[PDB]
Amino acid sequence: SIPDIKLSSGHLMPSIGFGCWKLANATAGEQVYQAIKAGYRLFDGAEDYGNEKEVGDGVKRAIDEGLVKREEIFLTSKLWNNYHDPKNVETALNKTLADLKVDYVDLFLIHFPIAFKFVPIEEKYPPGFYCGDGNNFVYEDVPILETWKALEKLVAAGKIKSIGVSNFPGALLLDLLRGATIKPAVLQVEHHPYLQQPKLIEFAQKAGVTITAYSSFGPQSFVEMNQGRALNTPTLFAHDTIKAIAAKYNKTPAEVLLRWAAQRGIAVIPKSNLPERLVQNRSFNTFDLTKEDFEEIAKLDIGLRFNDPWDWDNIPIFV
């Protein structure tokens, strides 16, 4: 029932997944296990989420019970910013593999086009914004392509099935395509009605790169973290445009928000943090939006970005 997308790598990737950012450690394993019982097969994780061992526990439990086999589960993880230097890339992936308790991850992404100074795993893990000097940000001179080639070698070694990037703007993705032997299979970016970036989506799709949207509910994820920008932003769940379209199809605003991406061939990985949302968030493909619906939703695009490294340390990723 959940459609698969064939990546440029030749592997299939479920079009609807389960988001693991801020999935609490104490309950992450139980939540992943229940997600698997509910039919989810892709888990969007990251070294920075600091809960890969627990995500690994939930998957292992489902496998041990015979609910699924490892090859039926799609695990995505992401290389954190302190690990871009080629000599530390495999080290970080090995930590991910050991925590997830698997021999390979299905998709491994460069989390951000930012290279923090390396911090040894024994000193702090996950390091977050820590760069080895108190609260100061410290960076290292590692071009993206050096990190990409280190990843390409790890695909040849069988430790990663498909590789991609997250939080890359068009000029950067284009330059990487010039040096890549294995083309990035996935571009994972913030994508919701207030930040539609239609030209980025069009370029990447035409290049054969698959888009995975994150924060499909816009400000909501950041409101939950007390972010001022998101708290100040009218919710998409109560926006008249979204509500009118939902009422027209007798669907919920959340279903409209997910379908809007899905219908355009964009993969989604919503955070389903309540049993009812688990079902709601994988059952929305029951109606089609029309060109007019897309034109009405297109009016919400105001280029409002909630996940921005400019907020961390004025890092110019999106300027």
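The first residue of the sequence shown is number 1, and the count goes up from there.
As listed in the deposited structure, the average C-alpha B-factor of 59-67 and of 39-47 is greater for 59-67. When 244-252 is weighed against 156-164, 244-252 comes out higher, by mean CA B-factor as recorded in the entry. When the C-alpha B-factors of 134, 143, 193, 219 are ranked from the entry, the top spot goes to 134.
In this entry, the residue among 20, 16, 300, 304 with the greatest C-alpha B factor is 300. The PDB entry assigns residue 308 a C-alpha temperature factor belonging to the lowest third of its chain's modelled residues. Residue 95: CA B factor lies in the middle third for its chain, per the PDB record. Per the deposited record, the Cα B-factor of residue 84 falls in the lowest third when ranked against the other modelled residues of its chain. The entry lists a Cα temperature factor for residue 289 that places it in the highest third of the chain's modelled residues. When the modelled residues of the chain are ordered by their C-alpha B factor, residue 234 lands in the highest third.
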